[PDB]
Amino acid sequence: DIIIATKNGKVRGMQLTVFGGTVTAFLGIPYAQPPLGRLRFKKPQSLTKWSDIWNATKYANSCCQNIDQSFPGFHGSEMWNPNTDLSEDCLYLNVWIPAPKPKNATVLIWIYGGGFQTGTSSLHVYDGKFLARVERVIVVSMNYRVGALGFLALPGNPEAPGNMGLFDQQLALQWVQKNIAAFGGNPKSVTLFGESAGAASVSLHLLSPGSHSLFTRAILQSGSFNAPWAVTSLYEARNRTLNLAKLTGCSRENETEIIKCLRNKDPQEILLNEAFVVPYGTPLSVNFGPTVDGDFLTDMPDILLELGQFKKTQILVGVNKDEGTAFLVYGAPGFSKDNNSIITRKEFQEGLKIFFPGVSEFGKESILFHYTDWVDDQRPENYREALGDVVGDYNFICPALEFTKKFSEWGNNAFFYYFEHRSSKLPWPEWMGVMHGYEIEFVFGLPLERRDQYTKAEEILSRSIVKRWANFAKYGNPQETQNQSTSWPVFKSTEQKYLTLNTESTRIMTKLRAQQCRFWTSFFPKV
Ligand SMILES: *[C@@H]1O[C@H](CO[C@@H]2O[C@@H](C)[C@@H](O)[C@@H](O)[C@@H]2O)[C@@H](O[C@@H]2O[C@H](CO)[C@@H](O)[C@H](O)[C@H]2NC(C)=O)[C@H](O)[C@H]1NC(C)=O
Ligand SMILES: *[C@@H]1O[C@H](CO[C@@H]2O[C@@H](C)[C@@H](O)[C@@H](O)[C@@H]2O)[C@@H](O[C@@H]2O[C@H](CO)[C@@H](O)[C@H](O)[C@H]2NC(C)=O)[C@H](O)[C@H]1NC(C)=O
Ligand SMILES: COCCN(C[C@H]1CCCN(Cc2ccccc2)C1)S(=O)(=O)c1ccc2ccccc2c1
Ligand SMILES: *[C@@H]1O[C@H](CO[C@@H]2O[C@@H](C)[C@@H](O)[C@@H](O)[C@@H]2O)[C@@H](O)[C@H](O)[C@H]1NC(C)=O
Ligand SMILES: *[C@@H]1O[C@H](CO[C@@H]2O[C@@H](C)[C@@H](O)[C@@H](O)[C@@H]2O)[C@@H](O)[C@H](O)[C@H]1NC(C)=O
Ligand SMILES: *[C@@H]1O[C@H](CO[C@@H]2O[C@@H](C)[C@@H](O)[C@@H](O)[C@@H]2O)[C@@H](O)[C@H](O)[C@H]1NC(C)=O
Ligand SMILES: *[C@@H]1O[C@H](CO)[C@@H](O)[C@H](O)[C@H]1NC(C)=O
């Protein structure tokens, strides 16, 4: 039996057997008052003390969310769908501590992705027991509100201020600050890491002054706030908040009254309507996401980034080789996970309509032009690979690169990686390559489990990545100093060196996707 006293009461965890060792897991610790009733859409409220022994022995409810129903029974999609009950009562977190209890361990806080519409900390690929066992770090992860329940925005108005999901995250960071010492943790040594919308969240915590004292360092996997999907403007936010009020018959004039009306609607009603608050959706739509609330976010984050207004610290940033492909099978014509998705020119052209609906004709022509001068005009994968690259470059790679350039210009050490290994247990077909999110299992050390049909080469890659992540958290330097590893150079805005992660050869390369990103980062914003 293992009971830990925390500032709001006592929590009992459970022992886990890992690699002939032991990790203690505290699954499902509440960190806020359930945001129910009048608390729906408000910032997370402080939790009142309890007196019992809170049995934190299983993952808690995941936050309300729509589920991917596109490939029922297919592990490739369903591995991302929630694996606990959905409920508004979902403000909980998890802690993995090494056994024997550490003395002053570095803490790793995970923030999952999901487009700010989906996700949950309890997923199998977010299990922190391996990191705890292997690197003697403590791993924390939290559930935070997503979708309209997490980001509906009536700016100024506290009933619906926006960014509630971010303040959930923040409230969990405070919990780590006030309690992790009791678990053997070092509150002065906290590294946030997250993927996709989780990564954009991490990057917004570097910008938010209310978070500056809640962590030390930051890791951003396939995501950053300057990505086009990561921040809703005050305009869209209001137009989307107003739209949703219509589809639920909640339209009023008293802005506080439309919120009260939305407060008596059932979570399901709000959920089915989220999709249509935009006129033309894409597979990448983030109908309700972070906004400039004037609280968490005091100005538009591009301006903050550009003028050096963020926490000064080290960052680890990276992306995957095929960020875009995963979204092509959610709408792009001629694409399917069940055939090699050879598409024609017209099909590529139609796909751009799917992914760039509001963009001018000339804008879409300019995308086609920049991506369709072929090394081989006769190669039939040409247009299929091109659309994937378009989506990946525009949505993930180029914003992550631009974020890393701008952040490092203010003097801090930055490290950039390019993950280019396809999981041998990847259930999607080969033409989709090194997909969005399929580095996570490697970061969390799943390939270390020899019982799980990963190759030996994958075990070695996960083992080095785990060491590099942990070295970055403990020491601000993501080296593997022992097994004659390739040294990871800092990313500088001049030379722009990055490290490639793969089973073959880790290499130092320069200026990732240079020609592509100049199009996205300096021509395309004009159109
Ligand atoms: C701001 O919102 C209006 C309203 O959107 C419509 O109503 C919602 C409840 C939802 O069902 C949406 O899908 C609707 O489109 C947008 O106005 C509509 O725009 C579309 C296409 O642009 C048009 O076909 C509709 O007739 C419009 N309806 C009205 C009442 O004007 C408007 O475009 C949004 N603003 C922006 C910049 O997108
Ligand atoms: C690849 O598959 C897509 C998806 O269509 C579905 O999946 C197939 C594997 C098969 O089960 C089809 O019967 C399904 O409809 C194909 O796209 C469809 O193509 C048909 C004609 O071929 C067209 O009428 C539909 O509109 C298309 N639907 C979509 C969503 O694109 C595609 O043609 C296949 N291409 C190759 C090269 O295999
Ligand atoms: C409910 O269905 C909505 C569609 N979603 C996408 C699907 C398809 C792609 C695979 N993912 C699983 C997945 C993989 C990796 C990390 C996290 C999750 C689910 S989404 O809601 O998850 C979504 C939305 C907008 C985004 C905008 C920018 C980047 C990612 C986005 C994801
Ligand atoms: C909390 O759990 C207590 C005991 O839990 C069980 O016994 C221990 C030794 C572990 O094996 C644990 O995994 C078991 O589930 C209960 O006695 C107590 O009533 C519980 N309190 C609740 C449910 O509120
Ligand atoms: C635990 O360790 C603390 C020092 O943390 C270290 O310094 C900060 C600035 C970070 O760089 C972090 O990564 C380092 O590991 C001590 O100040 C503290 O008193 C120690 N407390 C206990 C109980 O061991
Ligand atoms: C490093 O490699 C270990 C096994 O390799 C042997 O030990 C190291 C220290 C070298 O001296 C090498 O020449 C030997 O062949 C693994 O057990 C260990 O987990 C690896 N560590 C990392 C971080 O990858
Ligand atoms: C909006 O509602 C609040 C709370 O009831 C009220 O105080 C305020 O006057 C209303 N504003 C209007 C009606 O413009």
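Residues numbered from 1 in each chain as written, not as in the entry; some residues may be left out. Chains lettered and ligands numbered in written order. Heavy atoms only, no water.

- Deposited coordinates in this entry are attributed by the record to X-ray crystallography, at a stated resolution of 2.31 Å.

## So, the site of ligand 5
Part 1: Every residue near ligand 5 is listed here: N104, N186, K188, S189, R217 and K474.
Part 2: Take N186: an N or O atom from its side chain is 3.2 Å from an oxygen atom of ligand 5.
Part 3: The separation between an oxygen atom of ligand 5 and a polar side-chain atom of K188 is 3.3 Å.
Part 4: Counting residues per element, the shell around ligand 5 draws most heavily on strand β9 (residues 185-195), which supplies three residues.
Part 5: For the shell around ligand 5, the residue count by class is no nonpolar, three polar and three charged. (Near = heavy atom within 4 Å. Polar contact = N/O pair within 3.5 Å; in protein donor to acceptor, adjacent residues only side chain to side chain. Helix = DSSP H or I, 4+ residues; strand = E, 2+ residues; numbered from the N terminus. Nonpolar A, V, L, I, M, F, W, Y, C, P; charged D, E, K, R; others polar.)

## Description of the sheet that holds strand β1 (residues 3-6)
Part 1: The strand order across the open sheet built from three strands is β1-β2-β5, with neighbouring strands paired in mixed fashion. Edge positions in the open sheet fall to β1 and β5 (53-55), since each of these has one partner strand only. Sheet twist, expressed as the mean angle between neighbouring strand axes with direction ignored, is 30°.
Part 2: Inspection of the sheet shows β1 paired to strand β2 (residues 9-12) by four bridges, in the antiparallel sense. (Pairing = 2+ DSSP bridges. Axes fitted to C-alpha atoms, helices over the stretch in contact; angles between N-to-C directions.)

## Regarding the side chain of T313
Part 1: Secondary-structure assignment places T313 in the loop between α9 (301-306) and β11 (315-320).
Part 2: Residue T313 is classed as buried on the basis of its relative accessible area of 5%. (Buried < 20%, exposed > 50% of the residue type's maximum accessible area, 1.4 Å probe, protein only.)

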